[PDB]
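query.csv (CSV, C-alpha atoms and all ligand atoms) appears below.
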chain,number,residue,atom,x,y,z
A,86,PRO,CA,94.6,109.2,91.1
A,87,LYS,CA,95.6,106.6,88.5
A,88,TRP,CA,98.7,105.2,86.8
A,89,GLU,CA,99.3,106.4,83.3
A,90,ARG,CA,101.5,103.4,82.4
A,91,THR,CA,100.1,99.9,82.0
A,92,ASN,CA,103.3,98.0,82.8
A,93,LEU,CA,104.2,98.8,86.5
A,94,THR,CA,107.1,97.4,88.4
A,95,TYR,CA,107.2,96.2,92.0
A,96,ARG,CA,110.0,95.3,94.4
A,97,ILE,CA,109.7,93.2,97.6
A,98,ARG,CA,112.2,95.0,99.9
A,99,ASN,CA,112.2,92.6,102.8
A,100,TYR,CA,110.4,89.4,104.0
A,101,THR,CA,108.4,88.2,107.0
A,102,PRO,CA,110.3,85.1,108.3
A,103,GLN,CA,107.0,83.4,109.1
A,104,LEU,CA,106.6,82.1,105.6
A,105,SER,CA,109.1,80.7,103.1
A,106,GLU,CA,110.5,83.3,100.7
A,107,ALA,CA,108.7,81.4,97.9
A,108,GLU,CA,105.3,81.7,99.7
A,109,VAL,CA,105.8,85.5,100.3
A,110,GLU,CA,106.7,85.9,96.6
A,111,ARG,CA,103.6,83.8,95.5
A,112,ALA,CA,101.2,85.7,97.8
A,113,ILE,CA,102.3,89.0,96.3
A,114,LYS,CA,102.4,87.7,92.7
A,115,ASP,CA,98.9,86.2,93.1
A,116,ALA,CA,97.5,89.4,94.7
A,117,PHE,CA,98.7,91.4,91.7
A,118,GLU,CA,97.3,88.9,89.3
A,119,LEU,CA,93.8,89.4,90.8
A,120,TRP,CA,93.8,93.0,89.6
A,121,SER,CA,95.7,92.2,86.3
A,122,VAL,CA,92.9,89.9,85.1
A,123,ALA,CA,90.4,92.6,85.5
A,124,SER,CA,92.4,95.5,84.0
A,125,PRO,CA,95.0,96.4,81.4
A,126,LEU,CA,97.8,96.5,84.1
A,127,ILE,CA,100.8,94.2,83.7
A,128,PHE,CA,103.0,93.8,86.9
A,129,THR,CA,106.7,93.2,86.6
A,130,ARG,CA,109.0,92.2,89.5
A,131,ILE,CA,112.5,93.6,89.9
A,132,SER,CA,115.0,92.4,92.4
A,133,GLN,CA,116.8,95.8,93.3
A,134,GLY,CA,116.6,99.5,92.4
A,135,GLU,CA,113.5,101.7,92.0
A,136,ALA,CA,110.2,100.1,91.3
A,137,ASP,CA,106.8,101.8,91.0
A,138,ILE,CA,105.4,99.8,93.9
A,139,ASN,CA,107.6,99.1,96.9
A,140,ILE,CA,106.5,96.3,99.3
A,141,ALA,CA,107.9,96.0,102.8
A,142,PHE,CA,107.3,94.6,106.3
A,143,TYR,CA,107.8,97.4,108.9
A,144,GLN,CA,106.9,97.9,112.6
A,145,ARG,CA,105.6,100.9,114.5
A,146,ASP,CA,107.2,104.2,113.3
A,147,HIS,CA,108.6,103.5,109.8
A,148,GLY,CA,109.2,106.9,108.2
A,149,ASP,CA,105.9,107.8,106.6
A,150,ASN,CA,103.9,109.4,109.5
A,151,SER,CA,101.4,106.5,109.6
A,152,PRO,CA,102.9,104.3,112.3
A,153,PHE,CA,101.8,100.7,112.8
A,154,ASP,CA,100.2,99.7,116.0
A,155,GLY,CA,101.7,96.2,117.0
A,156,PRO,CA,99.7,93.0,116.9
A,157,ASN,CA,96.2,93.2,115.3
A,158,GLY,CA,94.4,96.5,114.6
A,159,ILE,CA,95.9,98.0,111.4
A,160,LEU,CA,97.5,95.1,109.4
A,161,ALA,CA,98.9,97.0,106.4
A,162,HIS,CA,98.3,100.1,104.4
A,163,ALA,CA,99.0,101.5,100.9
A,164,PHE,CA,99.4,104.8,99.1
A,165,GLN,CA,97.4,106.0,96.0
A,166,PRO,CA,99.1,106.1,92.6
A,167,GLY,CA,101.8,108.7,92.2
A,168,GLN,CA,105.5,109.2,92.3
A,169,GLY,CA,107.8,108.3,95.3
A,170,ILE,CA,105.8,106.8,98.1
A,171,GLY,CA,102.8,106.6,95.7
A,172,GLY,CA,101.6,103.1,95.1
A,173,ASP,CA,103.8,101.6,97.9
A,174,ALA,CA,102.4,98.9,100.3
A,175,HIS,CA,103.5,98.4,103.9
A,176,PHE,CA,102.7,95.4,106.0
A,177,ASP,CA,102.8,95.4,109.8
A,178,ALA,CA,105.8,93.1,110.7
A,179,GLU,CA,104.3,92.4,114.1
A,180,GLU,CA,101.4,90.5,112.7
A,181,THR,CA,101.2,86.7,112.3
A,182,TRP,CA,101.4,86.2,108.5
A,183,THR,CA,100.0,83.0,107.1
A,184,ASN,CA,99.1,81.1,103.9
A,185,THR,CA,96.1,79.5,105.7
A,186,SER,CA,92.8,80.5,107.3
A,187,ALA,CA,94.7,81.6,110.4
A,188,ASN,CA,95.0,85.3,111.1
A,189,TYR,CA,96.3,86.9,108.9
A,190,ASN,CA,96.5,85.6,105.3
A,191,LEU,CA,99.2,87.5,103.5
A,192,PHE,CA,97.7,87.0,100.0
A,193,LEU,CA,94.3,88.4,101.0
A,194,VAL,CA,95.8,91.4,102.8
A,195,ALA,CA,98.1,92.2,99.9
A,196,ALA,CA,95.2,92.0,97.5
A,197,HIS,CA,93.3,94.6,99.5
A,198,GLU,CA,96.3,96.9,99.8
A,199,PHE,CA,97.1,96.7,96.0
A,200,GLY,CA,93.5,97.9,95.4
A,201,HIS,CA,94.7,101.2,97.1
A,202,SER,CA,98.0,101.1,95.1
A,203,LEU,CA,95.9,101.2,91.9
A,204,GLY,CA,93.6,103.9,93.0
A,205,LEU,CA,90.6,102.3,94.8
A,206,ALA,CA,89.1,103.5,98.0
A,207,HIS,CA,87.3,101.4,100.6
A,208,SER,CA,84.0,99.8,99.6
A,209,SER,CA,80.8,99.7,101.7
A,210,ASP,CA,79.9,96.3,100.4
A,211,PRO,CA,80.8,93.8,103.2
A,212,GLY,CA,81.5,91.2,100.5
A,213,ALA,CA,84.1,93.3,98.7
A,214,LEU,CA,87.8,92.8,98.9
A,215,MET,CA,88.0,96.6,99.5
A,216,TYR,CA,85.8,96.5,102.6
A,217,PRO,CA,87.7,98.2,105.4
A,218,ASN,CA,87.8,95.1,107.7
A,219,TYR,CA,89.6,91.8,107.1
A,220,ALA,CA,87.6,88.6,106.7
A,221,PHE,CA,89.2,85.3,105.6
A,222,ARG,CA,87.8,83.8,102.4
A,223,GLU,CA,88.8,80.5,100.8
A,224,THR,CA,92.0,81.3,98.8
A,225,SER,CA,92.3,78.3,96.5
A,226,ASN,CA,90.4,79.6,93.5
A,227,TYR,CA,89.9,83.1,94.8
A,228,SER,CA,88.8,85.8,92.3
A,229,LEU,CA,87.9,89.4,92.8
A,230,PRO,CA,84.4,90.0,94.1
A,231,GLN,CA,82.2,91.7,91.5
A,232,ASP,CA,82.2,95.0,93.5
A,233,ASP,CA,86.0,95.2,93.1
A,234,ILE,CA,85.8,94.4,89.4
A,235,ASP,CA,83.3,97.3,89.0
A,236,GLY,CA,85.8,99.5,90.9
A,237,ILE,CA,88.9,98.8,88.8
A,238,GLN,CA,87.0,98.8,85.6
A,239,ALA,CA,85.7,102.3,86.4
A,240,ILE,CA,89.2,103.6,86.8
A,241,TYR,CA,91.1,101.8,84.0
A,242,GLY,CA,88.9,102.1,80.9
B,1,CA,CA,98.9,96.0,113.6
B,2,CA,CA,106.1,104.2,94.6
B,3,ZN,ZN,103.7,102.8,106.0
B,4,ZN,ZN,92.3,99.6,103.0
Would you mind writing the file out in structure tokens?
Amino acid sequence: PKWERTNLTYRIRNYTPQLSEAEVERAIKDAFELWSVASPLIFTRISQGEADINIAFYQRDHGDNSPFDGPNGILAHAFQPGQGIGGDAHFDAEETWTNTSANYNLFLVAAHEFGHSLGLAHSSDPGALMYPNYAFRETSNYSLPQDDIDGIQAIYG
């Protein structure tokens, strides 16, 4: 699965109250930019209406047959490129969401989920963003690990 348009829209449908709205918006924007700088994709935010990629914070059963599980465990999930639910990214509202090294950093989690939104599966490289399990990495000048660059380059050339 892969997108056939280069300019994709996204919409943040709701917000965790644990971060300022500005910090939620910056986490999401920066997570998309990680992939944009390694691909031809251009991400465009809309405030209402139907976007290619919906982003939301939900708890437990939330209408897609993949319920969240409360604190810890599954932090978020995302759907492969396609119409409707395709591309969408959901975050477990019951987590602690941070902009620090404390569990769990929203920017890093979003970055992983957006890999799925663009067509990547999990990686077996423990250093890869797309590794199945979360590990905090310094965020200040974070760039995609080389394994993830390889992955998105394989899809979008
Ligand atoms: Ca959870
Ligand atoms: Ca969608
Ligand atoms: Zn979901
Ligand atoms: Zn994943």
Exercise. If you measure from atom CA of residue 124 of chain A to atom CA of residue 168 of chain A, what distance in Å do you get, rounded to one decimal?
Worked result: 20.7 Å
Problem set entry | Test item: residues no farther than 10 Å from ligand CA 1 (chain B), counting only C-alpha atoms and all ligand atoms, as a PyMOL selection string | chain A and resi 144-145+152-161+176-181
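Atom CA of residue 221 of chain A is positioned 27.0 Å from atom CA of residue 129 of chain A.
Identified as lying at most 10 Å from ligand ZN 3 (chain B) when counting all atoms listed in the file are the residues residues 140, 141, 142, 143, 144, 145, 146, 147, 148, 149, 150, 151, 152, 153, 161, 162, 163, 164, 170, 173, 174, 175, 176 and 177 of chain A.
Residues of protein or nucleic acid lying within 6 Å of ligand ZN 4 (chain B), counting all atoms listed in the file, are residues 198, 207 and 217 of chain A.
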For this session: Skip residue 86 of chain A itself and residues of its chain fewer than 3 positions away, then list as number ranges by chain all residues within 9 Å of it, counting only C-alpha atoms.
Result: A: 165-167, 203-205, 240
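The shell of residues at most 12 Å from residue 225 of chain A, with only C-alpha atoms counted and near chain neighbours (fewer than 3 positions) removed, consists of residues 112, 115, 184, 185, 186, 192, 193, 221, 222 and 228 of chain A.
In this comparison, which uses all atoms listed in the file, the residue of A:116, A:234, A:196, A:138 approaching ligand CA 2 (chain B) most closely is A:138.
For the pair atom CA of residue 95 of chain A and atom CA of residue 137 of chain A, the separation is 5.7 Å.
With distances taken over all atoms listed in the file, A:139 is the one residue among A:209, A:139, A:183, A:218 lying closest to ligand CA 2 (chain B).
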Exercise. Do you know which residues are at most 9 Å from residue 130 of chain A counting only C-alpha atoms, after dropping those on the same chain fewer than 6 positions away, and could you put them as a PyMOL selection string?
Worked result: chain A and resi 93-97+114+136
Using C-alpha atoms, can you export the residues from the last selection as a short mmCIF file (atom, residue, chain, number, x, y, z; two decimals), in the coordinates of the input?
data_model
loop_
_atom_site.label_atom_id
_atom_site.label_comp_id
_atom_site.auth_asym_id
_atom_site.auth_seq_id
_atom_site.Cartn_x
_atom_site.Cartn_y
_atom_site.Cartn_z
CA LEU A 93 104.20 98.80 86.50
CA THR A 94 107.10 97.40 88.40
CA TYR A 95 107.20 96.20 92.00
CA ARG A 96 110.00 95.30 94.40
CA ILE A 97 109.70 93.20 97.60
CA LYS A 114 102.40 87.70 92.70
CA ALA A 136 110.20 100.10 91.30
#
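If you measure from each of A:210, A:122, A:227, A:88 to ligand CA 2 (chain B) using all atoms listed in the file, the closest one turns out to be A:88.
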For this session: Give as a list in words every residue, naming chains and numbers as the document does, that has an atom within 12 Å of (115.7, 87.5, 99.7), counting only C-alpha atoms.
Result: residues 96, 97, 98, 99, 100, 101, 102, 105, 106, 107, 108, 109, 110, 131, 132, 133 and 141 of chain A
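Those residues that approach residue 120 of chain A to within 8 Å, counting only C-alpha atoms, are residues 126, 200, 229 and 237 of chain A; same-chain residues fewer than 5 positions away are not listed.
Minimum atom-to-atom distances from A:90, A:121, A:113, A:128 to residue 191 of chain A were compared using all atoms listed in the file, and the lowest value belongs to A:113.
Closest approach to ligand CA 2 (chain B) among A:134, A:202, A:208, A:169 is made by A:169 (distances from only C-alpha atoms and all ligand atoms).
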Problem set entry | Contact residues around residue 232 of chain A with all atoms listed in the file at 9 Å, ignoring same-chain residues under 4 positions, as a list in words | residues 208, 210, 212, 213, 214, 215 and 236 of chain A
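Each of A:123, A:92, A:87, A:219 was checked against residue 238 of chain A using all atoms listed in the file; the smallest atom-to-atom distance is that of A:123.
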